[PDB]
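The structure file data_0.pdb is reproduced below (PDB, C-alpha atoms and all ligand atoms).
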ATOM      1  CA  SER A  21      14.576  11.659 -18.456  1.00  0.00           C
ATOM      2  CA  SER A  22      10.849  11.570 -17.709  1.00  0.00           C
ATOM      3  CA  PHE A  23       8.196   8.989 -18.789  1.00  0.00           C
ATOM      4  CA  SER A  24       4.417   8.370 -18.552  1.00  0.00           C
ATOM      5  CA  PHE A  25       2.472   5.456 -16.979  1.00  0.00           C
ATOM      6  CA  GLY A  26      -1.157   5.166 -15.827  1.00  0.00           C
ATOM      7  CA  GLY A  27      -1.745   8.932 -15.950  1.00  0.00           C
ATOM      8  CA  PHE A  28       1.410   9.714 -13.935  1.00  0.00           C
ATOM      9  CA  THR A  29       4.620  11.391 -15.050  1.00  0.00           C
ATOM     10  CA  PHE A  30       7.526   9.448 -13.571  1.00  0.00           C
ATOM     11  CA  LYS A  31      10.948  11.049 -13.192  1.00  0.00           C
ATOM     12  CA  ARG A  32      13.875   9.065 -11.889  1.00  0.00           C
ATOM     13  CA  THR A  33      15.498  11.088  -9.107  1.00  0.00           C
ATOM     14  CA  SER A  34      18.090   8.457  -8.065  1.00  0.00           C
ATOM     15  CA  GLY A  35      19.521   5.081  -9.081  1.00  0.00           C
ATOM     16  CA  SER A  36      19.459   3.094 -12.330  1.00  0.00           C
ATOM     17  CA  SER A  37      18.195  -0.135 -13.811  1.00  0.00           C
ATOM     18  CA  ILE A  38      18.968  -2.588 -16.590  1.00  0.00           C
ATOM     19  CA  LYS A  39      16.211  -4.632 -18.205  1.00  0.00           C
ATOM     20  CA  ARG A  40      15.791  -8.373 -18.452  1.00  0.00           C
ATOM     21  CA  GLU A  41      12.899 -10.028 -20.306  1.00  0.00           C
ATOM     22  CA  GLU A  42      11.408 -12.487 -17.790  1.00  0.00           C
ATOM     23  CA  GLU A  43       8.577 -14.995 -17.522  1.00  0.00           C
ATOM     24  CA  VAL A  44       6.326 -14.650 -14.398  1.00  0.00           C
ATOM     25  CA  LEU A  45       3.397 -16.733 -13.076  1.00  0.00           C
ATOM     26  CA  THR A  46       0.055 -15.117 -12.166  1.00  0.00           C
ATOM     27  CA  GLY A  47      -2.383 -16.429  -9.480  1.00  0.00           C
ATOM     28  CA  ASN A  48      -4.091 -18.400 -12.360  1.00  0.00           C
ATOM     29  CA  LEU A  49      -0.689 -19.962 -13.199  1.00  0.00           C
ATOM     30  CA  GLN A  50      -0.574 -18.051 -16.504  1.00  0.00           C
ATOM     31  CA  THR A  51       2.885 -17.205 -17.891  1.00  0.00           C
ATOM     32  CA  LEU A  52       3.441 -13.546 -18.837  1.00  0.00           C
ATOM     33  CA  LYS A  53       6.657 -12.260 -20.335  1.00  0.00           C
ATOM     34  CA  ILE A  54       7.519  -8.825 -18.797  1.00  0.00           C
ATOM     35  CA  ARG A  55      10.547  -6.558 -19.127  1.00  0.00           C
ATOM     36  CA  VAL A  56      11.993  -6.627 -15.573  1.00  0.00           C
ATOM     37  CA  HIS A  57      13.919  -3.615 -14.308  1.00  0.00           C
ATOM     38  CA  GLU A  58      16.861  -4.611 -12.178  1.00  0.00           C
ATOM     39  CA  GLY A  59      18.282  -2.195  -9.662  1.00  0.00           C
ATOM     40  CA  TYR A  60      17.400   0.329  -7.001  1.00  0.00           C
ATOM     41  CA  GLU A  61      15.564   3.445  -8.179  1.00  0.00           C
ATOM     42  CA  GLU A  62      13.710   6.409  -6.686  1.00  0.00           C
ATOM     43  CA  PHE A  63      10.982   8.258  -8.588  1.00  0.00           C
ATOM     44  CA  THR A  64       8.565  11.084  -8.297  1.00  0.00           C
ATOM     45  CA  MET A  65       5.058  10.286  -9.571  1.00  0.00           C
ATOM     46  CA  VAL A  66       3.214  13.385 -10.646  1.00  0.00           C
ATOM     47  CA  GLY A  67      -0.429  13.146 -11.579  1.00  0.00           C
ATOM     48  CA  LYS A  68      -3.276  15.602 -12.009  1.00  0.00           C
ATOM     49  CA  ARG A  69      -4.813  14.552  -8.641  1.00  0.00           C
ATOM     50  CA  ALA A  70      -2.097  12.718  -6.692  1.00  0.00           C
ATOM     51  CA  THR A  71       1.689  12.900  -6.344  1.00  0.00           C
ATOM     52  CA  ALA A  72       4.040  10.371  -4.802  1.00  0.00           C
ATOM     53  CA  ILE A  73       7.593   9.374  -3.945  1.00  0.00           C
ATOM     54  CA  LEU A  74       8.357   5.778  -4.919  1.00  0.00           C
ATOM     55  CA  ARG A  75      11.434   3.851  -3.877  1.00  0.00           C
ATOM     56  CA  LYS A  76      11.851   0.403  -5.425  1.00  0.00           C
ATOM     57  CA  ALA A  77      14.338  -2.420  -5.927  1.00  0.00           C
ATOM     58  CA  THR A  78      14.103  -5.336  -8.438  1.00  0.00           C
ATOM     59  CA  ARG A  79      10.450  -6.458  -8.322  1.00  0.00           C
ATOM     60  CA  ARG A  80      10.073  -4.974  -4.821  1.00  0.00           C
ATOM     61  CA  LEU A  81       8.476  -1.709  -3.629  1.00  0.00           C
ATOM     62  CA  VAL A  82      10.582  -0.388  -0.721  1.00  0.00           C
ATOM     63  CA  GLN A  83       8.372   2.635   0.136  1.00  0.00           C
ATOM     64  CA  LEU A  84       5.550   4.772  -1.363  1.00  0.00           C
ATOM     65  CA  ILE A  85       4.585   8.126   0.165  1.00  0.00           C
ATOM     66  CA  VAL A  86       1.302   9.362  -1.375  1.00  0.00           C
ATOM     67  CA  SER A  87      -0.375  12.699  -1.386  1.00  0.00           C
ATOM     68  CA  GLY A  88      -3.700  13.327  -3.170  1.00  0.00           C
ATOM     69  CA  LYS A  89      -7.118  15.024  -3.495  1.00  0.00           C
ATOM     70  CA  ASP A  90      -9.030  12.160  -1.814  1.00  0.00           C
ATOM     71  CA  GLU A  91      -9.101   8.366  -1.169  1.00  0.00           C
ATOM     72  CA  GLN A  92      -9.866   7.559  -4.864  1.00  0.00           C
ATOM     73  CA  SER A  93      -6.978   9.673  -6.241  1.00  0.00           C
ATOM     74  CA  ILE A  94      -4.602   8.193  -3.668  1.00  0.00           C
ATOM     75  CA  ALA A  95      -5.797   4.613  -4.332  1.00  0.00           C
ATOM     76  CA  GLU A  96      -5.339   5.269  -8.099  1.00  0.00           C
ATOM     77  CA  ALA A  97      -1.711   6.273  -7.410  1.00  0.00           C
ATOM     78  CA  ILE A  98      -1.166   3.246  -5.123  1.00  0.00           C
ATOM     79  CA  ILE A  99      -2.422   0.864  -7.817  1.00  0.00           C
ATOM     80  CA  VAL A 100       0.040   2.301 -10.404  1.00  0.00           C
ATOM     81  CA  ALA A 101       2.965   2.130  -7.928  1.00  0.00           C
ATOM     82  CA  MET A 102       2.155  -1.486  -7.004  1.00  0.00           C
ATOM     83  CA  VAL A 103       1.891  -2.532 -10.698  1.00  0.00           C
ATOM     84  CA  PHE A 104       5.026  -0.478 -11.525  1.00  0.00           C
ATOM     85  CA  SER A 105       6.914  -2.211  -8.666  1.00  0.00           C
ATOM     86  CA  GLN A 106       6.545  -5.505 -10.641  1.00  0.00           C
ATOM     87  CA  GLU A 107       6.192  -7.313  -7.254  1.00  0.00           C
ATOM     88  CA  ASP A 108       5.332 -11.022  -7.329  1.00  0.00           C
ATOM     89  CA  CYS A 109       2.357 -10.554  -4.951  1.00  0.00           C
ATOM     90  CA  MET A 110       0.963  -8.068  -7.476  1.00  0.00           C
ATOM     91  CA  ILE A 111       1.390 -10.669 -10.290  1.00  0.00           C
ATOM     92  CA  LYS A 112      -0.054 -13.417  -7.998  1.00  0.00           C
ATOM     93  CA  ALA A 113      -3.109 -11.147  -7.418  1.00  0.00           C
ATOM     94  CA  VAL A 114      -4.164 -11.744 -10.998  1.00  0.00           C
ATOM     95  CA  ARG A 115      -6.584 -14.672 -10.494  1.00  0.00           C
ATOM     96  CA  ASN A 129       2.422  -4.260 -23.485  1.00  0.00           C
ATOM     97  CA  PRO A 130       1.776  -6.575 -20.440  1.00  0.00           C
ATOM     98  CA  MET A 131       2.463  -3.810 -17.836  1.00  0.00           C
ATOM     99  CA  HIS A 132      -0.494  -1.881 -19.352  1.00  0.00           C
ATOM    100  CA  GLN A 133      -2.565  -5.081 -19.294  1.00  0.00           C
ATOM    101  CA  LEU A 134      -1.750  -5.658 -15.585  1.00  0.00           C
ATOM    102  CA  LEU A 135      -2.596  -1.984 -14.855  1.00  0.00           C
ATOM    103  CA  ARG A 136      -5.934  -2.116 -16.758  1.00  0.00           C
ATOM    104  CA  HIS A 137      -6.770  -5.267 -14.812  1.00  0.00           C
ATOM    105  CA  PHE A 138      -6.116  -3.800 -11.335  1.00  0.00           C
ATOM    106  CA  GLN A 139      -7.774  -0.473 -12.135  1.00  0.00           C
ATOM    107  CA  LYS A 140     -11.119  -2.402 -12.504  1.00  0.00           C
ATOM    108  CA  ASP A 141     -10.842  -3.933  -9.050  1.00  0.00           C
ATOM    109  CA  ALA A 142      -7.861  -3.529  -6.738  1.00  0.00           C
ATOM    110  CA  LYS A 143      -9.570  -5.418  -3.904  1.00  0.00           C
ATOM    111  CA  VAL A 144      -7.579  -8.629  -4.504  1.00  0.00           C
ATOM    112  CA  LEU A 145      -4.369  -6.645  -5.180  1.00  0.00           C
ATOM    113  CA  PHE A 146      -4.790  -4.714  -1.916  1.00  0.00           C
ATOM    114  CA  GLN A 147      -5.633  -7.839   0.207  1.00  0.00           C
ATOM    115  CA  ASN A 148      -2.821 -10.019  -1.198  1.00  0.00           C
ATOM    116  CA  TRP A 149      -0.264  -7.206  -0.784  1.00  0.00           C
ATOM    117  CA  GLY A 150       0.256  -7.593   2.951  1.00  0.00           C
ATOM    118  CA  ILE A 151      -0.043  -5.278   5.973  1.00  0.00           C
ATOM    119  CA  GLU A 152       2.574  -4.098   8.468  1.00  0.00           C
ATOM    120  CA  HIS A 153       2.818  -2.288  11.799  1.00  0.00           C
ATOM    121  CA  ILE A 154       4.032   1.324  11.532  1.00  0.00           C
ATOM    122  CA  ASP A 155       5.923   3.910  13.620  1.00  0.00           C
ATOM    123  CA  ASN A 156       4.153   7.144  13.920  1.00  0.00           C
ATOM    124  CA  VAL A 157       6.131   9.500  11.737  1.00  0.00           C
ATOM    125  CA  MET A 158       3.576  12.268  11.929  1.00  0.00           C
ATOM    126  CA  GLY A 159       1.906  13.913   8.975  1.00  0.00           C
ATOM    127  CA  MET A 160       2.023  10.461   7.468  1.00  0.00           C
ATOM    128  CA  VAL A 161      -0.637   7.908   8.088  1.00  0.00           C
ATOM    129  CA  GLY A 162      -1.058   4.226   7.385  1.00  0.00           C
ATOM    130  CA  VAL A 163      -3.687   3.084   4.952  1.00  0.00           C
ATOM    131  CA  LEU A 164      -5.559  -0.213   5.195  1.00  0.00           C
ATOM    132  CA  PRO A 165      -6.507  -2.423   2.176  1.00  0.00           C
ATOM    133  CA  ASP A 166      -9.997  -0.853   2.172  1.00  0.00           C
ATOM    134  CA  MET A 167      -8.423   2.665   2.145  1.00  0.00           C
ATOM    135  CA  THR A 168      -9.308   3.410   5.823  1.00  0.00           C
ATOM    136  CA  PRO A 169      -6.559   5.477   7.449  1.00  0.00           C
ATOM    137  CA  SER A 170      -4.781   3.927  10.461  1.00  0.00           C
ATOM    138  CA  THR A 171      -2.040   5.120  12.796  1.00  0.00           C
ATOM    139  CA  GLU A 172      -1.018   1.512  13.721  1.00  0.00           C
ATOM    140  CA  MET A 173      -1.009  -0.428  10.449  1.00  0.00           C
ATOM    141  CA  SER A 174      -0.567   0.070   6.731  1.00  0.00           C
ATOM    142  CA  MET A 175      -0.114  -1.934   3.545  1.00  0.00           C
ATOM    143  CA  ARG A 176       3.646  -2.792   3.250  1.00  0.00           C
ATOM    144  CA  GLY A 177       5.659   0.330   2.497  1.00  0.00           C
ATOM    145  CA  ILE A 178       2.588   2.545   1.858  1.00  0.00           C
ATOM    146  CA  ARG A 179       2.357   5.921   3.629  1.00  0.00           C
ATOM    147  CA  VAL A 180      -0.204   8.776   3.048  1.00  0.00           C
ATOM    148  CA  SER A 181       0.983  12.404   3.325  1.00  0.00           C
ATOM    149  CA  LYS A 182      -1.250  15.519   3.812  1.00  0.00           C
ATOM    150  CA  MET A 183      -1.632  17.738   0.662  1.00  0.00           C
TER
HETATM  151  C1  LIG A 201       6.253   2.442 -17.431  1.00  0.00           C
HETATM  152  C2  LIG A 201       6.383   1.469 -18.602  1.00  0.00           C
HETATM  153  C3  LIG A 201       5.754   2.098 -19.843  1.00  0.00           C
HETATM  154  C4  LIG A 201       5.634   0.183 -18.263  1.00  0.00           C
HETATM  155  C5  LIG A 201       7.873   1.158 -18.863  1.00  0.00           C
HETATM  156  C6  LIG A 201       8.045   0.062 -19.942  1.00  0.00           C
HETATM  157  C7  LIG A 201       9.513  -0.231 -20.100  1.00  0.00           C
HETATM  158  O1  LIG A 201      10.102  -1.025 -19.403  1.00  0.00           O
HETATM  159  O2  LIG A 201      10.081   0.449 -21.049  1.00  0.00           O
HETATM  160  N1  LIG A 201       8.598   2.320 -19.367  1.00  0.00           N
HETATM  161  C8  LIG A 201       9.651   2.914 -18.783  1.00  0.00           C
HETATM  162  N2  LIG A 201      10.022   2.351 -17.628  1.00  0.00           N
HETATM  163  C9  LIG A 201      11.071   2.852 -16.983  1.00  0.00           C
HETATM  164  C10 LIG A 201      11.424   2.230 -15.750  1.00  0.00           C
HETATM  165  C11 LIG A 201      12.511   2.536 -14.937  1.00  0.00           C
HETATM  166  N3  LIG A 201      12.568   1.717 -13.842  1.00  0.00           N
HETATM  167  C12 LIG A 201      11.520   0.847 -13.896  1.00  0.00           C
HETATM  168  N4  LIG A 201      11.207  -0.105 -13.006  1.00  0.00           N
HETATM  169  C13 LIG A 201      10.112  -0.830 -13.247  1.00  0.00           C
HETATM  170  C14 LIG A 201       9.305  -0.608 -14.407  1.00  0.00           C
HETATM  171  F1  LIG A 201       8.187  -1.341 -14.642  1.00  0.00           F
HETATM  172  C15 LIG A 201       9.645   0.363 -15.309  1.00  0.00           C
HETATM  173  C16 LIG A 201      10.786   1.113 -15.041  1.00  0.00           C
HETATM  174  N5  LIG A 201      11.811   3.841 -17.349  1.00  0.00           N
HETATM  175  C17 LIG A 201      11.471   4.443 -18.493  1.00  0.00           C
HETATM  176  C18 LIG A 201      10.386   4.025 -19.255  1.00  0.00           C
HETATM  177  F2  LIG A 201      10.083   4.695 -20.388  1.00  0.00           F
END
Any chance you could give the structure as structure tokens?
Amino acid sequence: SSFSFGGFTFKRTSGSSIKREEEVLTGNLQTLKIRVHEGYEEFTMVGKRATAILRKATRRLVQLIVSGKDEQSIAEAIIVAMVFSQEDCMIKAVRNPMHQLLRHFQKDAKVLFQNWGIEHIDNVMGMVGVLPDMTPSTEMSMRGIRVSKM
């Protein structure tokens, strides 16, 4: 049971979710009603120029491993995963509604990427950390984001 979002074909590989219509507050203190998916799920994200493995819980991205043609393709996949995750820091970075959030971050993901948070990494090799400005790092990455070689 496959579906499409932001140019990516998502396929659930594990888990399940139930939906709950919920009201969330953006960084401008605007109320949006979104359909929240509750549960732990794992997906493949297949696009024309990037592919990824996403693991998420309710409104929380656990891990995203991205592969792609270049920085732009990879960033494009990261934006979709972050919006898809429904995380509160993604909603707070704003300063069908899922498509509206996506269209907003696609224009400029600078605030999304800053506000997301950064973490120290272990060096699983063949996977690199990526900084908010898309520079690769072997020490630090945006929370749960890893870049894999094509
Ligand atoms: C991708 C998008 C078009 C916005 C959503 C809208 C919806 O909730 O129906 N569509 C689908 N999401 C998920 C789905 C499954 N798990 C999810 N977790 C978070 C999330 F935002 C969506 C999902 N699964 C199947 C879908 F068709």
Nearby residues (all atoms listed in the file) at most 7 Å from residue 80 (chain A), same-chain spacing under 4 positions excluded, as a PDB file with C-alpha atoms, keeping the file's coordinate frame:
ATOM      1  CA  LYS A  76      11.851   0.403  -5.425  1.00  0.00           C
ATOM      2  CA  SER A 105       6.914  -2.211  -8.666  1.00  0.00           C
ATOM      3  CA  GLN A 106       6.545  -5.505 -10.641  1.00  0.00           C
ATOM      4  CA  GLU A 107       6.192  -7.313  -7.254  1.00  0.00           C
TER       5      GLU A 107
END
Hey, which residues sit close to ligand LIG 201 (chain A)? Say within 7 Å, counting all atoms listed in the file, and write them as a VMD selection string.
chain A and resid 23 to 25 37 55 to 57 61 104 to 106 131 to 132
Pick the closest to residue 115 (chain A) from A:85, A:77, A:38, A:49: which is it, counting only C-alpha atoms?
A:49
I need the output of the PyMOL selection byres (((chain A and resi 149) around 7) and not hetatm) for this file as a PyMOL selection string; which residues are they?
chain A and resi 109-110+145-148+150+175
Any chance you can output those residues with C-alpha atoms as a PDB file, in the coordinates of the input?
ATOM      1  CA  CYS A 109       2.357 -10.554  -4.951  1.00  0.00           C
ATOM      2  CA  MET A 110       0.963  -8.068  -7.476  1.00  0.00           C
ATOM      3  CA  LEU A 145      -4.369  -6.645  -5.180  1.00  0.00           C
ATOM      4  CA  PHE A 146      -4.790  -4.714  -1.916  1.00  0.00           C
ATOM      5  CA  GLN A 147      -5.633  -7.839   0.207  1.00  0.00           C
ATOM      6  CA  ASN A 148      -2.821 -10.019  -1.198  1.00  0.00           C
ATOM      7  CA  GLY A 150       0.256  -7.593   2.951  1.00  0.00           C
ATOM      8  CA  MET A 175      -0.114  -1.934   3.545  1.00  0.00           C
TER       9      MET A 175
END
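Closest to residue 48 (chain A) among A:111, A:138, A:174, A:159 is A:111, based on all atoms listed in the file.
Atom pair CA of residue 144 (chain A) / CA of residue 113 (chain A): separated by 5.9 Å.
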